[PDB]
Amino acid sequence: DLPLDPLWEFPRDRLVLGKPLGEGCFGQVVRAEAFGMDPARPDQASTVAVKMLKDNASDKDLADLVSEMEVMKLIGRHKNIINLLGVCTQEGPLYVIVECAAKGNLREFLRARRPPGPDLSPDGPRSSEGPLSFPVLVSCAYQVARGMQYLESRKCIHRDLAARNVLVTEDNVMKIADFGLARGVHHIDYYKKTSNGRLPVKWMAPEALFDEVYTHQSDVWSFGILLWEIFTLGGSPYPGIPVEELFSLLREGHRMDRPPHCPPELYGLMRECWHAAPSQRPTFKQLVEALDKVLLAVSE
């Protein structure tokens, strides 16, 4: 039914759908095996993620997914985003084929890799040493900023940027996901709590929350929250603060405290991303350069 785009069109029979990876407001994501995604090797197997409508698919749900697909085609390719690989639009359900991140989202990645606690018995030379180190945490922050810098250059606003919308690959490469979606910004339930207990409003910039205004600088605010998430190793922002309290606190200029085991450099960056005036927040280009200096300094 949709027009044929031979640039991106991929034979659906070359896909073998596997285990589902999650759901969203519109559409779901399924792990899949692809054969000949590289046209030079028609029988080569590769692991991809497939986006597709649910069974309750409205015309709006289809429109949103179709819209996302077209955004995917225009943004282009970058190392730190979820890239479009192909689409299935002919003779069958709509498939949007993208890259697959084997290690899940950034939030769960960090939470599963929190350091050993005080109960754990000393067994071996490294039982006090956890999977995560400071330079790697900075590297994660750096890669997200580079990805956002790319998206910004392509005039793309994320509008949700969070650790849950950042995906981790086999080689611990950060990849920004779901950046080109229609997120229904004129009708957000600010009290909405997701199934994993997330309050998405805790990532909204003031001008986005109060004035419904979204810019790249509003994404910078969200990046600041994302920084806090990283150095809390998957912690939820504004700890133990209900949405009603968040409203008045934000109006009073309240900001999150400096998390434990976090150098003043990065909390400084967090506070810069949380400046009231969007023009006094660092650009993503400035964030990349700033995070690079810190990363180089710890990369002996």
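Quick note: we count residues from 1 along the sequence shown, nothing fancier.
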{"query": "Given 177-185 and 105-113, the range whose Cα B-factors average higher in the PDB entry", "finding": "177-185"}
{"query": "Stretch with the greater mean C-alpha B-factor as recorded in the entry, comparing 95-103 against 119-127", "finding": "119-127"}
{"query": "Residue with highest C-alpha B-factor in the PDB entry, from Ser222, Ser195, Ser133, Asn80", "finding": "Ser195"}
{"query": "Residue selected from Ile75, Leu161, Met148, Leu84 by maximal Cα B factor", "finding": "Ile75"}
{"query": "Third of chain Cα B-factors occupied by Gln280", "finding": "highest"}
{"query": "Entry-reported Cα temperature factor of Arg258, expressed as the chain third it lands in", "finding": "lowest"}
{"query": "Ranked against its chain, the third holding the CA B-factor of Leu227", "finding": "lowest"}
{"query": "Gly24 by Cα B-factor - lowest, middle or highest third of the modelled chain", "finding": "highest"}
{"query": "Ranked C-alpha temperature factor of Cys88 among modelled chain residues, by third", "finding": "middle"}
